[PDB]
Number of protein chains: 2
Amino acid sequence: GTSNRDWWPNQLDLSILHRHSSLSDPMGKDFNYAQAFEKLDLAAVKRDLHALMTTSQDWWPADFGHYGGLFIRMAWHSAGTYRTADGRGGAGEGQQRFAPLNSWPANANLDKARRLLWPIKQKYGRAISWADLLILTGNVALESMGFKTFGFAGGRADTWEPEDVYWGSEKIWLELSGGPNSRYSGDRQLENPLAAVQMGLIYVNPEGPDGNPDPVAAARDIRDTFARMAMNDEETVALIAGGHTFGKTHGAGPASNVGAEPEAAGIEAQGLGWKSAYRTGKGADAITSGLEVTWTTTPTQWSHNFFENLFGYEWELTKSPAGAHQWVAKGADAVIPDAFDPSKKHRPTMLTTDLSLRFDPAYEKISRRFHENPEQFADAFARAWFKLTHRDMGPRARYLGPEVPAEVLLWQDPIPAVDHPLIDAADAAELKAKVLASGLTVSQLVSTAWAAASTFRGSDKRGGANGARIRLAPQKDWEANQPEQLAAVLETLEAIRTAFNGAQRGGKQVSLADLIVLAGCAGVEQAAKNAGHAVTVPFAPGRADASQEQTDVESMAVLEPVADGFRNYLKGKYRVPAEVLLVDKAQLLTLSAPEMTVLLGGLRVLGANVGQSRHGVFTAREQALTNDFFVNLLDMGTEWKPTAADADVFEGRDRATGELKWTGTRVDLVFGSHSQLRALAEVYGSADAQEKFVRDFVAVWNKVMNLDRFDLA
Amino acid sequence: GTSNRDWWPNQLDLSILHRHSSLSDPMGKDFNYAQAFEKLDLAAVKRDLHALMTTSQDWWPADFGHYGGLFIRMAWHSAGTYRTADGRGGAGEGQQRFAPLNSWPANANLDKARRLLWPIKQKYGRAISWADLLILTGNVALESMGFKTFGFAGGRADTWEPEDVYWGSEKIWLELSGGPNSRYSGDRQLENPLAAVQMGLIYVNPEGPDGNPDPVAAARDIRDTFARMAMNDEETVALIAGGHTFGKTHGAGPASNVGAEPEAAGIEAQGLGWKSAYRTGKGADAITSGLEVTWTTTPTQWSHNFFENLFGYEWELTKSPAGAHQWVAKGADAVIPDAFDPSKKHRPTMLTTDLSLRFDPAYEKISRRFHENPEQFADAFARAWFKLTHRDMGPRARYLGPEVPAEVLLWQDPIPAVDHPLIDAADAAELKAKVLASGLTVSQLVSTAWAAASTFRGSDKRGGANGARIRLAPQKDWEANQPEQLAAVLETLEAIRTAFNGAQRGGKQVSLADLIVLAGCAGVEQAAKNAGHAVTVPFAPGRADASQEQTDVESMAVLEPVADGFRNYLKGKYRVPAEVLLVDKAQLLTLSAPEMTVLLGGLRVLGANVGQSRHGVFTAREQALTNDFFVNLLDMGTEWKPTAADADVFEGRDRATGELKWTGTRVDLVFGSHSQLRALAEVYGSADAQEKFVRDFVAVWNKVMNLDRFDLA
Ligand code: HEM
Ligand code: HEM
Ligand SMILES: NNC(=O)c1ccncc1
Ligand SMILES: NNC(=O)c1ccncc1
Ligand SMILES: NNC(=O)c1ccncc1
Ligand SMILES: [Cl-]
Ligand SMILES: [Cl-]
Ligand code: NA
Ligand code: NA
């Protein structure tokens, strides 16, 4: 059945903005997962999960009688898809249970893992999400095998359809680099936003780069991909060695025995996949990755045996029973237990990527320190495991339950507590009047608040105006933020703040974060008055100001907008067309298509463009809040053509005279081209729509200003 | 970016159920188009449209100084995509403005026509939908040129995204038949549900079948396709001859001069397409279809000159300037005006398909009658044009405005007015108890109401329980409806009805349509009580009973369910898998995925399966409303395998003993296989879900009962 995507495969896709509707959600519109979770008997769940660890099912028998390694890998993979570039992936939406991730080759046989959890899921129902359950199970596996975790927070609400994520352009699972859709160019440069080396892998290839078994070169891929997942060297070594303290790999026969992944399997498979024709197809005969490695002498118990083995033997290249490259300890005795036969023992073995921890010189130093100081290793792995499994949860205010660690961690972009009375409505009116009396313009006020608030992304719930980080490095220096203009606005706002705060009694004060937002609100109010309209913009105080020392500058870099269509900004020339980048940004902001449309048309007339560019400024009353953008864009009296100098800039001329009336970018003109966007533009550019435009703009502005306000949830 | 559809291109697509969310709609949740339209000054709109007809724009100059022909074609094409097989297509949602229809080759240059109407649309805003305006414009065109229309109803609310419609499997526009995705098999049998001969055409090819200029053979295609759009021979001849009384075709140079369709065009084209490099690219130089025919001596005025020409000349095969086959009048004088040069005249010309109206023997009889009796022609055309343009509007209760025809037409499936007081809540409780005391079972009551209500389809708003057509031919004899069982239930309910109506005073009575629905309600209440749960199912009276004489039996044939997964029914063996047909039925019913899931699992346990099949009846308390379907389907203690006898029937055995527990079809087991459906099944199969399951089942039951109740809007 031929679809619009088949006919016009390069047209923009707006359905990514209308996922996660109330239509596909089985829960009622008022369901609130946090409230459900807070009444869950978490201790009861943990007891059931402990019991499960050794309750082997015949359809997927437990290695060593204990499912803890399988479950650790399950949780690691749930979290392991995360990319710092866009915040997409990670454990926080339980997406491992949907396509494509439920069928990625690196997630083979995790379908078995999730099915073993169904009885617990069923028993507790809506009070524990899948997303929370996958991580809790990994924690219980660790605790059951003798490792004390750093903590756990609930609050990951389940989702109900697959997320629209760019995982790459390859059309073959696991394709090696340098193909027609290669994710690598130049000197092994991985394309942003990807954080895995091959399609369907989590980070790297366990046999080495493109399957070449060189631990030193593997190390380079490990370092690059783990950095793209927010992990530094210490955290990376801790996580790999910690993980591989447990369990084993599965490669008992040739891979050709393994059948269809879950999304390809027959209906009778009931949601499972990778059925194997090799012997019994399971247990001792299991095939997952094709490798056949067991790292430690006690795979079901926390030990220091990983680094004893890594450093205590020399390693020889060998092949598993499926033909994959792996390593075996030279001259060693058979000390590693077998998973099923108490009469068999094995020599120590390692993956290429485990050997990276010894043969990359930076990792070796860390590995050696962990080998000599196992308490340091345990602590580092506990912290890293917490970070891994919570990286996408957002502000600490979202963290639920009795096991939430009290320690504030720098990676959480922490916001200080508020310990003083907040400004009330009379105070807000007094501060808005002061801001308008200062001489700051509508353009300056709107631009500044936009800059502050629009760093939010719902993928990992980082960013937003809380914290006033726009005043800190590195946000204050970002090109999109107009550093010189920004500094002049912030100086004026800090002077208003100081004067207000110095007049108060009783401990009342206003944060700069709140004042930035409030000042933006006053700009929008002033713009509405400029257009003849009496409008009140909602404001909620309670933001606090974070310090520079609470703001990791390197972690903040990935929130820099290199493309922000809402300010007609593109930092460089990219291969993805700018209107696709606009839709991607709207998706991070949580905006629907109508919201994206009204927001952009209003920002253009308020003067929010970077550098005061006239591109898309289709009005003769800039700084007045009108629907002019739409009325003019849709005027058939104007003809548009790309310029000679630049095919991405367009000139709009009077059709009868040839006279130039406007210029615009692709982001501007897509609203007049795309057949669904133009239908939305037409609503706002109709003669009956001015009041609707204003009230919808105010709503979407307020939505953006509050995106990170989980303190008010 | 590789997507799930790329990896698993045969997986079922649930997004067709989650279109039209409040996310994509720019109007507020409380917007009601009928309320807006009812205050529109329709007379004023029509005056503006009359003026537009002769106000040429230079970017697409008006033929003969009058846009009326263009607008009639535009309205015909808006309505012309309709297919009776599924009710999809038609003018009722304004879909011509979205992909793919906005870029179909048969819709070339209607982009121009729609752009000409933006100033009117913009002036009247939300009070007139695009969908209504396209039709209204065609009627104003006709009236402006001296044709008296049969009337007009508003009420087509605008939609905001493309509908998911199967338009064929070809991958090339206009592909001729007999390719690898041919829509024809056997002796020119067009595949259901299609109603056009080539991808991107409305009905037929104007040169003749696959381009062969044989009017007799073309007639066959005309007849078959028009019948698939609900038009008989008289209506067909009236429409084609009526339409081709006006305007002209456009084929002034070779087609290779015409560029990209709108969805493919550059951003600068601002939603227009087919830009032509031939001479001026417009007006006298226009190329649309590649044919160059003008039918009448007065292309801007109603006449009977089409038939005077068709019958008054003999016709010679010729080629247009673009190379297309067309016909010209032998020996004729130059009597047809030129569209732009008042000093040029032309010979009469015809399409192959016009000549069909004379050379097909059945058409010739009708055409000759219309030629001798142009008043008969005018009346048939007016009636046919109203039917064409209103065919998908639904019940007459949806028809809005001051020009609705008072005549009730048989094709409307009319419902008599109610002229008596309705039963109240106490009466409804008395009737439910009488029904339960009769001895009718939960299964009989649920199955009968299901059968009556589930003929609704939201594509053209036909069907539903209003009318009590289930008691009439042909519904009473449809296999899915279990004719002997149904007859028994209807007899019992008619005796209840007689006894209740005969005891009343004051004219109060209950219709059989209402009592069928109410009885189903009593069944669902009784099932809930069987499960230990007291619930009240909502009921709204006011349906009426239609007569056999008010029921077109042949038109009702297309509403027969040949596949109804909700009753585990498949009338024959089809190429599309049964799970895909389920989702298609759910889309017709207007159900979301959650709604489809609850509804099916509840129907299975209430005994709604046709023939009392055990397939999917995963309960030991049939006729009790419980979640047992979900809990049993999802039990990993059961293993499923296709049977030897039938690969589409599955046996569920205990995994440890081999004992047979259940049997199921693909429709049952898809809820345990598909990863999004299984996620829904898990919510209703959880230990906390009994209350939710009952509540949600009652809500979707009541939704289905009320689908055709536009009298309550
Ligand atoms: C360079 C990064 C890594 C690579 C290439 C890698 C590779 C693999 C492979 C190939 C398997 C075997 C799959 C099978 O055949 O069953 C595996 C198993 C496992 N991995 Fe990793 N791993 C990485 C990092 C991690 C990390 C960060 C964790 C967790 C903290 C982890 C925990 C596990 C555990 C517990 C198993 C055993 C599974 C079982 O017992 O069933 N791994 N790893
Ligand atoms: C067998 C069915 C039909 C065929 C094959 C057909 C074919 C065509 C073609 C090839 C054109 C020229 C497109 C262009 O080059 O501009 C056209 C024009 C037109 N058709 Fe039809 N048509 C059919 C039925 C109808 C019907 C049912 C109506 C309306 C009741 C209609 C009304 C018109 C009008 C008004 C025009 C002239 C447009 C103008 O002046 O711009 N047609 N037809
Ligand atoms: N822990 N990571 C894995 O299990 C894995 C990585 C690459 N191919 C298969 C599995
Ligand atoms: N693909 N996932 C995200 O982009 C996301 C999820 C939730 N809200 C904003 C963005
Ligand atoms: N009235 N129908 C048309 O305009 C048409 C039919 C087939 N190809 C192009 C245009
Ligand atoms: Cl995601
Ligand atoms: Cl449709
Ligand atoms: Na994420
Ligand atoms: Na329809």
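The analysis underlying the following values was restricted to heavy atoms, covering all of them including side chains, and did not include hydrogens, waters or symmetry mates. Residue numbers start from 1 in every chain, and the chains themselves are labelled A, B, ... in the order their sequence lines are given, proteins ahead of strands.
- For a residue to count as touching a neighbouring chain, one of its non-hydrogen atoms must lie under 4.5 Å from one of that chain's; by this rule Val683(A) touches chain B with the side chain only.
- Across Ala687(A), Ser169(A), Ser24(A), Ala593(A), the residue that shares the most heavy-atom pairs under 4.5 angstrom with chain B is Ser24(A).
- Contacts of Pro162(A) with chain B are made by side-chain atoms alone, with heavy-atom separations under 4.5 Å and no backbone atom involved.
- Put simply, of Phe650(B), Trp118(B), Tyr166(B), the one with the most heavy-atom pairs under 4.5 Å next to chain A is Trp118(B).
- In this structure, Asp158(A) contributes its side chain and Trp130(A) its backbone to a donor-acceptor pair below 3.5 Å.
- Taking chain B as the reference chain and counting heavy-atom pairs below 4.5 Å, the highest number among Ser15(A), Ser673(A), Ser103(A) is found for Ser673(A).
- With a 4.5 Å cut-off on non-hydrogen atoms, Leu633(A) touches chain B through its backbone and its side chain both.
- For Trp59(A), the part lying under 4.5 angstrom from a heavy atom of chain B is the side chain only.
- For a residue to count as touching a neighbouring chain, one of its non-hydrogen atoms must lie under 4.5 Å from one of that chain's; by this rule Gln11(B) touches chain A with the side chain only.
- When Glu682(A), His674(A), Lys123(A) are compared by the number of non-hydrogen pairs under 4.5 Å with chain B, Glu682(A) comes out ahead.
- At a 4.5 Å heavy-atom cutoff, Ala269(A) makes no contact with chain B through either its backbone or its side chain.
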Inset, instruction - Tell me, with the steps shown, if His18(B) and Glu161(A) meet side chain to side chain donor-acceptor pair (under 3.5 Å). - result: CA-CA 11 Å; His18(B) 304 133; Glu161(A) 68 185 302; 5.1 Å; no
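- Across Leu23(B) and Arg19(A), no two heavy atoms sit closer than the pair CD1-O, 3.8 Å.
- Across all non-hydrogen atoms, the minimal contact from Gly271(A) to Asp111(A) is O-CB, 4.4 Å.
- Looking only at heavy-atom pairs under 4.5 Å with chain A, the residue among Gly125(B), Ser22(B), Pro119(B), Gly664(B) that has the most is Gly125(B).
- For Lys121(A), the part lying under 4.5 angstrom from a heavy atom of chain B is the backbone only.
- Ranked by heavy-atom pairs under 4.5 Å with chain B, the first of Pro100(A), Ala265(A), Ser3(A) is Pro100(A).
- With a 4.5 Å cut-off on non-hydrogen atoms, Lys641(A) touches chain B through its backbone but not through its side chain.
- For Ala689(A), no part lies near chain B; criterion is any non-hydrogen pair under 4.5 Å.
- Note on ring orientation: taking the six-membered ring where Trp is involved, the planes of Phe630(B) and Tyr684(B) are tilted (angle from 30° to 60°).
- Between the side chain of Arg183(A) and the main chain of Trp167(A), a donor-acceptor pair closer than 3.5 Å is present.
- For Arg666(A), the parts sitting under 4.5 Å from any heavy atom of chain B are the backbone and the side chain alike.
- Proximity of a side-chain donor or acceptor of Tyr33(B) to a complementary backbone N or O of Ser129(B) within less than 3.5 Å is detected.
- Under a 3.5 Å cut-off, the side chain of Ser592(A) and the backbone N or O of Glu595(A) do form a donor-acceptor pair.
- Looking at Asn10(B), neither its backbone nor its side chain comes within 4.5 Å of chain A, counting heavy atoms on both sides.
- Each of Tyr124(B), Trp7(B), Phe671(B) has some count of heavy-atom pairs under 4.5 Å with chain A, and the biggest count is that of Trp7(B).
- Contacts of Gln676(A) with chain B are made by both backbone and side-chain atoms, with heavy-atom separations under 4.5 Å.
- The parts of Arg126(A) that come within reach of chain B are both its backbone and its side chain, each placing non-hydrogen atoms under 4.5 angstrom from that chain.
- Counting heavy-atom neighbours within 6.0 Å of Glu691(B) CD, excluding the residue itself, gives a total of 12 or less.
- Of all non-hydrogen atoms in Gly273(A) and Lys112(A), the two that sit nearest each other are O-NZ, 2.8 Å.
- Here the closest non-hydrogen pair linking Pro9(A) and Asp6(A) is CD-O, 3.8 Å.
- Residue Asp58(A): no heavy atom, backbone or side chain, is found under 4.5 Å from chain B.
- Heavy atoms of other residues, nucleotides or ligands lying less than 6.0 angstrom from NZ of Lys39(B) number 12 at most.
- Both the backbone and the side chain of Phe98(B) come within contact range of chain A, judged by heavy atoms closer than 4.5 Å.
- No donor-acceptor distance shorter than 3.5 angstrom exists from the side chain of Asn627(B) to the backbone of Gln690(B), with no hydrogens or angles considered.
- For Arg97(A), the parts lying under 4.5 angstrom from a heavy atom of chain B are both the backbone and the side chain.
- Heavy-atom distances place the backbone of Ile172(A), and not its side chain, under 4.5 Å from chain B.
- For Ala99(B), the parts lying under 4.5 angstrom from a heavy atom of chain A are both the backbone and the side chain.
- For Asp584(B) and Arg88(B), the salt-bridge test passes: some basic side-chain N is under 4.0 Å from an acidic carboxylate O.
- Between chain B and the options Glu263(A), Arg5(A), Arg655(A), heavy-atom pairs under 4.5 Å are most frequent for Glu263(A).
- Salt-bridge formation is not detected for the pair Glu261(A)/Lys275(A): no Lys NZ or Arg NE/NH1/NH2 atom is positioned less than 4.0 Å from an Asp or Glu carboxylate oxygen.
- For the set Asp635(A), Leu17(A), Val631(A), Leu634(A), the count of heavy-atom pairs under 4.5 angstrom toward chain B peaks at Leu634(A).
- In this structure, the portion of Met199(B) lying under 4.5 Å from any heavy atom of chain A is its side chain and not its backbone.
- Closest approach of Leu14(B) and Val583(B) over heavy atoms only: CD2-CG2, 4.0 Å.
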